[PDB]
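Starting off, we have a lone chain in the form solved without the ligand, written out as structure tokens.
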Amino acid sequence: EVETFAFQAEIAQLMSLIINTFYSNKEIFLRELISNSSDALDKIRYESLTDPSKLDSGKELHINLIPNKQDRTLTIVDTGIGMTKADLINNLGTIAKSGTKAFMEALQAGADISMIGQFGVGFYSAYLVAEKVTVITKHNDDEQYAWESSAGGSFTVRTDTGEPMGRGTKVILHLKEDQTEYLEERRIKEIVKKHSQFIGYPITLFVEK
């Protein structure tokens, strides 16, 4: 049972700008997604300070980067607070409408796409490199859900029958054909060292057969 939703017009505009603007510095997508994971881990850590049972769904707080060249996917896994179904539908827990408004004003006023994270909509930088994005998520207060979009104005939400996650969020980037450098170990290491050196959680880059 799959529910299909329309993006708000402002978010559809944001994604089309990200997909269509000529902008070579695409590597910042990974910084933005790792930053989102760190924010989600901060949230469940804070909640656990007054209620230790919040970590009954998993005590480890970490970020995993999983490249798969056969599937041409890069997956970013975190054990943060996750998202409810309502969060997913509401622009994956962001204030994307007001954030997009501020971002596009800054772009005409000198800014570039790399500053997207300052406007709270860094998730959508995934479409710099991905033709399709799948988000699997589990929040303590809801069931496991799968969000998916290839842009084009719509996204889907369904209950996830796949591998149970415990708690957190999995962002699966189905990479564009010409963006497979982001599956190479040395390229991922370079980006993480350049942009994510002070993230306060272990980042593990998985290797392949």
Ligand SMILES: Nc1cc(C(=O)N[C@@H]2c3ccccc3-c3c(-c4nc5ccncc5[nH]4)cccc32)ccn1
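Residues that one form lacks are left out of the comparison. One rule holds for the numbers: they count along the sequence shown, beginning at 1. We call the rigid core the largest set of C-alpha positions that still match within 1.5 Å between the two forms.
> Mean C-alpha B factor from the entry: is it higher for 141 to 149 or for 51 to 59?
Between 141 to 149 and 51 to 59, it is 51 to 59.
> Which wins on mean Cα temperature factor, 64 to 72 or 155 to 163?
Averaging CA B-factors over each stretch, the winner is 155 to 163.
> Comparing recorded Cα B-factors across 136, 92, 102, 77, which one is largest?
Highest CA B-factor of the listed options: 102.
> Please work out which residue in 88, 81, 113, 130 has the highest C-alpha B-factor recorded for this crystal structure.
Within the set 88, 81, 113, 130, 113 shows the top C-alpha B-factor.
> Should residue 39 be placed in the lowest, middle or highest third of its chain by the C-alpha B factor in the entry?
Lowest third.
> Based on the deposited C-alpha B factors for this chain, I'd like to know if residue 180 is in the lowest, middle or highest third.
According to the entry, residue 180 has a C-alpha B-factor in the chain's highest third.
> Going by the CA temperature factor in the PDB record, which third of the chain does residue 19 belong to: lowest, middle or highest?
Ranked within chain, residue 19 CA B lands in the highest tercile.
> Where does residue 106 sit by CA temperature factor within its chain: lowest, middle or highest third?
Answer is highest: the recorded C-alpha B-factor places it there.
Form deposited with the ligand bound: not shown, discussed below.
> Open site or blocked site for the ligand in this chain, with its pose taken in the deposited complex and fitted by superposition, and blocked meaning 3 or more ligand atoms within 2.4 Å of backbone or C-beta?
In the deposited complex, the ligand occupies a site that, on this form, turns out blocked once the ligand is superposed onto it.
> Can residue 96 be called a contact residue for the ligand in the deposited complex at 4.5 Å between heavy atoms?
Although the ligand is absent here, residue 96 would touch it in the deposited complex, with heavy atoms inside 4.5 Å.
> Please determine whether residue 40 contacts the ligand in the deposited complex, using a 4.5 Å cut-off between heavy atoms.
The answer is yes: residue 40 has a heavy atom within 4.5 Å of the ligand.
> Contact between residue 129 and the ligand in the deposited complex at 4.5 Å, heavy atoms?
Because no heavy atom of residue 129 falls inside 4.5 Å of the ligand in the deposited complex, the answer is no.
> Given that the partner is absent here, does residue 182 sit within 4.5 Å of the ligand in the deposited complex, heavy atoms only?
Close contact is absent here: in the deposited complex, residue 182 is far from the ligand, nothing within 4.5 Å, heavy atoms only.
> Even though the chain is shown alone, can you say which residues of 134 to 172 have a heavy atom within 4.5 Å of the ligand in the deposited complex?
Counting only heavy atoms within 4.5 Å of the ligand in the deposited complex, the contacting residues of 134 to 172 are 135, 147, 155, 169.
> Which of the listed residues (114, 90, 73, 84) moves its Cα by 2 Å or more between this form and the one not shown when the core is kept in place?
The answer here is 90.
> Residue 47 to residue 91, Cα distance in the deposited complex relative to here: closer or farther, by 3 Å or more?
Closer, not farther.
> Answer with closer or farther for the CA-CA spacing of residue 91 and residue 51 in the deposited complex compared to the shown form; it moves by 3 Å or more.
Closer in the deposited complex, by 3 Å or more.
> Where the Cα shift reaches 2 Å or more for at least three residues in a row, which ranges qualify between this form and the one not shown on a rigid core fit?
Only this run moves by 2 Å or more: 90 to 94.
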